[PDB]
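Student: One file is attached below, target_14.cif, containing mmCIF, C-alpha atoms.
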data_final
loop_
_atom_site.group_PDB
_atom_site.id
_atom_site.type_symbol
_atom_site.label_atom_id
_atom_site.label_comp_id
_atom_site.auth_asym_id
_atom_site.auth_seq_id
_atom_site.Cartn_x
_atom_site.Cartn_y
_atom_site.Cartn_z
ATOM 1 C CA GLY L 250 -77.497 75.528 12.819
ATOM 2 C CA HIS L 251 -74.870 74.611 12.218
ATOM 3 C CA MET L 252 -75.587 72.264 15.136
ATOM 4 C CA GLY L 253 -79.325 72.912 15.077
ATOM 5 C CA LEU L 254 -82.342 74.449 13.384
ATOM 6 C CA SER L 255 -81.544 78.055 14.284
ATOM 7 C CA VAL L 256 -79.609 80.281 11.897
ATOM 8 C CA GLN L 257 -77.563 82.427 14.317
ATOM 9 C CA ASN L 258 -74.866 81.032 16.587
ATOM 10 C CA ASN L 259 -75.669 79.963 20.107
ATOM 11 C CA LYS L 260 -73.242 78.619 22.722
ATOM 12 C CA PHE L 261 -73.667 75.024 21.518
ATOM 13 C CA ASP L 262 -72.788 76.020 17.939
ATOM 14 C CA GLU L 263 -69.674 77.693 19.345
ATOM 15 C CA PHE L 264 -68.674 74.490 21.104
ATOM 16 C CA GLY L 265 -69.221 72.495 17.906
ATOM 17 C CA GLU L 266 -67.299 75.033 15.815
ATOM 18 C CA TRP L 267 -64.410 74.778 18.261
ATOM 19 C CA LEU L 268 -64.275 70.974 18.076
ATOM 20 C CA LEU L 269 -64.361 71.075 14.265
ATOM 21 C CA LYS L 270 -61.716 73.805 14.210
ATOM 22 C CA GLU L 271 -59.431 71.829 16.532
ATOM 23 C CA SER L 272 -59.855 68.571 14.618
ATOM 24 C CA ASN L 273 -59.427 70.406 11.301
ATOM 25 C CA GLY L 274 -61.311 68.047 8.996
ATOM 26 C CA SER L 275 -60.122 64.825 10.633
ATOM 27 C CA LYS L 276 -61.770 62.951 13.521
ATOM 28 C CA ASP L 277 -58.360 61.472 14.344
ATOM 29 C CA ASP L 278 -57.151 64.952 15.262
ATOM 30 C CA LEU L 279 -60.009 65.631 17.686
ATOM 31 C CA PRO L 280 -58.849 66.721 21.145
ATOM 32 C CA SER L 281 -58.850 63.817 23.619
ATOM 33 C CA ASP L 282 -62.062 63.159 25.537
ATOM 34 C CA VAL L 283 -60.256 64.502 28.602
ATOM 35 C CA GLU L 284 -59.730 67.873 26.900
ATOM 36 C CA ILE L 285 -63.259 67.894 25.497
ATOM 37 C CA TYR L 286 -64.821 67.407 28.916
ATOM 38 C CA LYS L 287 -62.546 70.127 30.311
ATOM 39 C CA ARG L 288 -63.793 72.444 27.572
ATOM 40 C CA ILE L 289 -67.418 71.554 28.305
ATOM 41 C CA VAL L 290 -66.850 72.453 31.981
ATOM 42 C CA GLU L 291 -65.297 75.835 31.083
ATOM 43 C CA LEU L 292 -68.175 76.667 28.720
ATOM 44 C CA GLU L 293 -70.665 75.875 31.524
ATOM 45 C CA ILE L 294 -72.448 73.248 29.428
ATOM 46 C CA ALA L 295 -71.873 70.065 31.430
ATOM 47 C CA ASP L 296 -75.464 70.191 32.638
ATOM 48 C CA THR L 297 -77.234 70.955 29.370
ATOM 49 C CA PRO L 298 -78.601 68.219 27.086
ATOM 50 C CA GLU L 299 -77.803 70.170 23.913
ATOM 51 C CA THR L 300 -74.105 69.387 24.430
ATOM 52 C CA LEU L 301 -74.918 65.794 23.437
ATOM 53 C CA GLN L 302 -76.733 67.067 20.323
ATOM 54 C CA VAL L 303 -73.462 68.750 19.386
ATOM 55 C CA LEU L 304 -71.341 65.711 20.123
ATOM 56 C CA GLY L 305 -73.596 63.504 17.996
ATOM 57 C CA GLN L 306 -72.830 65.746 15.022
ATOM 58 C CA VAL L 307 -69.075 66.347 15.393
ATOM 59 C CA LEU L 308 -67.493 63.239 16.978
ATOM 60 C CA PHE L 309 -68.088 60.792 14.151
ATOM 61 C CA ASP L 310 -67.593 60.267 10.438
ATOM 62 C CA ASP L 311 -67.939 57.361 8.026
ATOM 63 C CA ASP L 312 -65.993 55.223 10.539
ATOM 64 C CA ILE L 313 -68.600 55.780 13.289
ATOM 65 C CA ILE L 314 -69.051 52.100 14.114
ATOM 66 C CA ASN L 315 -65.414 52.129 15.293
ATOM 67 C CA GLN L 316 -65.643 55.469 17.083
ATOM 68 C CA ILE L 317 -68.376 54.598 19.596
ATOM 69 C CA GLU L 318 -66.223 52.623 22.053
ATOM 70 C CA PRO L 319 -63.464 55.240 22.406
ATOM 71 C CA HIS L 320 -66.033 57.883 23.389
ATOM 72 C CA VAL L 321 -68.009 55.734 25.852
ATOM 73 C CA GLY L 322 -66.463 57.280 28.958
ATOM 74 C CA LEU L 323 -67.186 60.833 27.817
ATOM 75 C CA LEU L 324 -70.743 60.209 26.655
ATOM 76 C CA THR L 325 -71.824 58.208 29.728
ATOM 77 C CA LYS L 326 -70.563 60.921 32.037
ATOM 78 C CA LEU L 327 -72.525 63.637 30.281
ATOM 79 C CA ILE L 328 -75.672 61.545 29.813
ATOM 80 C CA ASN L 329 -75.579 60.546 33.501
ATOM 81 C CA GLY L 330 -78.443 58.060 33.075
ATOM 82 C CA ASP L 331 -80.835 60.820 32.001
ATOM 83 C CA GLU L 332 -83.374 60.094 29.234
ATOM 84 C CA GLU L 333 -83.539 63.686 28.022
ATOM 85 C CA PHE L 334 -79.776 63.626 27.504
ATOM 86 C CA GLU L 335 -80.105 60.354 25.581
ATOM 87 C CA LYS L 336 -82.709 61.974 23.352
ATOM 88 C CA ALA L 337 -80.343 64.911 22.688
ATOM 89 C CA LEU L 338 -77.577 62.570 21.555
ATOM 90 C CA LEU L 339 -80.125 60.879 19.271
ATOM 91 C CA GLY L 340 -81.097 64.307 17.985
ATOM 92 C CA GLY L 341 -77.473 64.953 17.090
ATOM 93 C CA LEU L 342 -77.198 61.544 15.417
ATOM 94 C CA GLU L 343 -80.383 62.281 13.490
ATOM 95 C CA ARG L 344 -78.764 65.427 12.115
ATOM 96 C CA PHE L 345 -75.606 63.438 11.401
ATOM 97 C CA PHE L 346 -77.313 60.710 9.350
ATOM 98 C CA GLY L 347 -79.923 63.020 7.880
ATOM 99 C CA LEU L 348 -77.918 66.076 6.900
ATOM 100 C CA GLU L 349 -74.243 65.091 6.953
ATOM 101 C CA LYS L 350 -73.652 61.411 6.143
ATOM 102 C CA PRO L 351 -76.811 60.105 4.404
ATOM 103 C CA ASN L 352 -74.571 57.382 2.955
ATOM 104 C CA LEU L 353 -74.613 55.818 6.405
ATOM 105 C CA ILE L 354 -78.411 55.606 6.518
ATOM 106 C CA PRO L 355 -78.444 51.883 5.615
ATOM 107 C CA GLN L 356 -76.014 51.228 8.523
ATOM 108 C CA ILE L 357 -78.281 52.937 11.119
ATOM 109 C CA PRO L 358 -79.674 49.711 12.676
ATOM 110 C CA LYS L 359 -76.142 48.352 13.289
ATOM 111 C CA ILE L 360 -74.759 51.697 14.475
ATOM 112 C CA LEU L 361 -77.559 52.394 16.995
ATOM 113 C CA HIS L 362 -77.219 48.769 18.143
ATOM 114 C CA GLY L 363 -73.679 49.789 19.071
ATOM 115 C CA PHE L 364 -74.811 52.738 21.169
ATOM 116 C CA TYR L 365 -77.332 50.413 22.812
ATOM 117 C CA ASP L 366 -74.794 47.665 23.606
ATOM 118 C CA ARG L 367 -72.677 50.240 25.444
ATOM 119 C CA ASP L 368 -75.524 51.557 27.603
ATOM 120 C CA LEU L 369 -75.429 54.927 25.864
ATOM 121 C CA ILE L 370 -79.062 54.923 24.711
ATOM 122 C CA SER L 371 -81.837 52.936 26.373
ATOM 123 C CA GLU L 372 -84.263 50.572 24.637
ATOM 124 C CA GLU L 373 -87.239 52.626 25.786
ATOM 125 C CA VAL L 374 -85.784 55.841 24.306
ATOM 126 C CA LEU L 375 -84.916 54.094 21.018
ATOM 127 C CA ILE L 376 -88.375 52.534 20.568
ATOM 128 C CA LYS L 377 -90.193 55.826 21.253
ATOM 129 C CA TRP L 378 -87.788 57.726 18.943
ATOM 130 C CA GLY L 379 -88.186 55.182 16.177
ATOM 131 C CA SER L 380 -91.976 55.363 16.310
ATOM 132 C CA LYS L 381 -92.377 59.090 15.733
ATOM 133 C CA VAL L 382 -91.133 61.763 13.389
ATOM 134 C CA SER L 383 -89.951 65.199 14.411
ATOM 135 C CA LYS L 384 -88.982 68.569 13.054
ATOM 136 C CA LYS L 385 -86.984 69.334 16.198
ATOM 137 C CA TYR L 386 -83.655 68.346 14.626
ATOM 138 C CA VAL L 387 -84.196 67.894 10.886
ATOM 139 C CA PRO L 388 -87.034 68.399 8.369
ATOM 140 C CA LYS L 389 -89.824 65.892 9.047
ATOM 141 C CA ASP L 390 -89.282 64.026 5.752
ATOM 142 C CA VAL L 391 -85.594 63.691 6.634
ATOM 143 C CA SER L 392 -86.634 62.548 10.116
ATOM 144 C CA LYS L 393 -88.972 60.009 8.566
ATOM 145 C CA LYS L 394 -86.201 58.676 6.329
ATOM 146 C CA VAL L 395 -83.685 58.361 9.158
ATOM 147 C CA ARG L 396 -86.024 56.771 11.683
ATOM 148 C CA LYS L 397 -87.522 54.493 9.014
ATOM 149 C CA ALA L 398 -84.054 53.065 8.391
ATOM 150 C CA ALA L 399 -83.844 52.325 12.125
ATOM 151 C CA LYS L 400 -87.045 50.222 12.055
ATOM 152 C CA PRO L 401 -85.291 46.813 11.823
ATOM 153 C CA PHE L 402 -83.413 47.515 15.064
ATOM 154 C CA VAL L 403 -86.487 49.101 16.689
ATOM 155 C CA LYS L 404 -88.479 45.959 15.886
ATOM 156 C CA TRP L 405 -85.669 43.806 17.245
ATOM 157 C CA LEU L 406 -85.828 45.610 20.576
ATOM 158 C CA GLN L 407 -89.630 45.424 20.628
ATOM 159 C CA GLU L 408 -89.593 41.673 20.045
ATOM 160 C CA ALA L 409 -86.772 41.052 22.507
ATOM 161 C CA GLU L 410 -88.693 42.802 25.278
ATOM 162 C CA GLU L 411 -90.684 39.838 26.606
ATOM 163 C CA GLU L 412 -87.743 37.448 27.009
ATOM 164 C CA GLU L 413 -85.821 40.112 28.930
ATOM 165 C CA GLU L 414 -88.692 40.723 31.383
ATOM 166 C CA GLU L 415 -87.557 40.374 34.998
ATOM 167 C CA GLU L 416 -88.543 36.994 36.424
ATOM 168 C CA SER L 417 -88.790 35.609 39.968
ATOM 169 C CA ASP L 418 -89.983 32.386 41.649
#
Using the file provided, produce a representation of the structure as structure tokens.
Tutor:
Amino acid sequence: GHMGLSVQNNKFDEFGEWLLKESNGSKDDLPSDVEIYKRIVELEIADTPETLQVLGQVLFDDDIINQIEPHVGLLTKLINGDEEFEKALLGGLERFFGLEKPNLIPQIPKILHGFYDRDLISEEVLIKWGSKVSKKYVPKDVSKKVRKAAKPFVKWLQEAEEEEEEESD
């Protein structure tokens, strides 16, 4: 990557490198979301889904469950209701759990539930994601392990579907 499968640096790797360099080993020392969005705009990557793949890999650490809410404003703005941008964030999270913090893999159902509760990733995107494996972000066996751990939450969403169906008269 470091933010993807490729070996050489692309513009999204540069963005990620910058964020990591600025934060200097501590997510507390990350630039504010205001400054991050300003940087995204300068780098001409406010309209590219891969930005979310980068953010999913650099914004969080072992304290991720507590770091979702502070970044809601920034992530919603970039996602802009678009499914492909949601999938990119999930791709970044898949690299995060799979390659960086595999110790968090048992917490995946709770963590993704947190993205869901804050309208960051839709139920439809989560269920499709959780039902396949991919080599787009991580090796397929890593993908399998990550998405397998998400199955309790995926099932929850699947079973909750009927009761949430829009009803009238």
Student: With distances taken over all atoms listed in the file, which residue among L:303, L:337, L:321, L:294 lies nearest residue 365 of chain L?
Tutor: L:321
Student: Near residue 350 of chain L, counting all atoms listed in the file, which residues have an atom at most 12 Å away, once you skip same-chain residues fewer than 3 positions from it, shown as number ranges by chain?
Tutor: L: 306-307, 309-313, 342-347, 353-357, 395
Student: Residues as selected, C-alpha atoms, written as a PDB file, in the coordinates of the input, can you do that?
Tutor:
ATOM      1  CA  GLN L 306     -72.830  65.746  15.022  1.00  0.00           C
ATOM      2  CA  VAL L 307     -69.075  66.347  15.393  1.00  0.00           C
ATOM      3  CA  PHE L 309     -68.088  60.792  14.151  1.00  0.00           C
ATOM      4  CA  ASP L 310     -67.593  60.267  10.438  1.00  0.00           C
ATOM      5  CA  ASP L 311     -67.939  57.361   8.026  1.00  0.00           C
ATOM      6  CA  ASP L 312     -65.993  55.223  10.539  1.00  0.00           C
ATOM      7  CA  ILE L 313     -68.600  55.780  13.289  1.00  0.00           C
ATOM      8  CA  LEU L 342     -77.198  61.544  15.417  1.00  0.00           C
ATOM      9  CA  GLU L 343     -80.383  62.281  13.490  1.00  0.00           C
ATOM     10  CA  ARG L 344     -78.764  65.427  12.115  1.00  0.00           C
ATOM     11  CA  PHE L 345     -75.606  63.438  11.401  1.00  0.00           C
ATOM     12  CA  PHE L 346     -77.313  60.710   9.350  1.00  0.00           C
ATOM     13  CA  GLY L 347     -79.923  63.020   7.880  1.00  0.00           C
ATOM     14  CA  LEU L 353     -74.613  55.818   6.405  1.00  0.00           C
ATOM     15  CA  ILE L 354     -78.411  55.606   6.518  1.00  0.00           C
ATOM     16  CA  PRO L 355     -78.444  51.883   5.615  1.00  0.00           C
ATOM     17  CA  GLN L 356     -76.014  51.228   8.523  1.00  0.00           C
ATOM     18  CA  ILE L 357     -78.281  52.937  11.119  1.00  0.00           C
ATOM     19  CA  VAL L 395     -83.685  58.361   9.158  1.00  0.00           C
TER      20      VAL L 395
END
Student: List the spatial neighbours of residue 367 of chain L as a PyMOL selection string - criterion: any atom at most 12 Å away, only C-alpha atoms, same-chain residues fewer than 2 positions off excluded.
Tutor: chain L and resi 317-322+324-325+360-365+369-372
Student: Just checking: using all atoms listed in the file, which residue out of L:374, L:348, L:304, L:289 ends up closest to residue 330 of chain L?
Tutor: L:374
Student: Return as an MDAnalysis selection string the set of residues that the PyMOL selection byres ((chain L and resi 279) around 12) yields on the displayed structure.
Tutor: chainID L and resid 265 267:278 280:285 304 307:310 316 319:320
Student: At what distance in Å, to one decimal, does atom CA of residue 340 of chain L lie from atom CA of residue 323 of chain L?
Tutor: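 For atom CA of residue 323 of chain L relative to atom CA of residue 340 of chain L, the distance reads 17.4 Å.
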Student: Please indicate the distance in Å from atom CA of residue 349 of chain L to atom CA of residue 257 of chain L, rounded to one decimal place.
Tutor: 19.1 Å
Student: Quick one, how far is atom CA of residue 291 of chain L from atom CA of residue 341 of chain L?
Tutor: 21.5 Å
Student: Counting all atoms listed in the file, which residue out of L:253, L:351, L:302, L:380 sits closest to residue 333 of chain L?
Tutor: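 Among L:253, L:351, L:302, L:380, it is L:302 that comes nearest to residue 333 of chain L.
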Student: Could you check which of L:418, L:368, L:413, L:299 is closest to residue 386 of chain L, using all atoms listed in the file?
Tutor: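 Selected residue with least distance to residue 386 of chain L: L:299.
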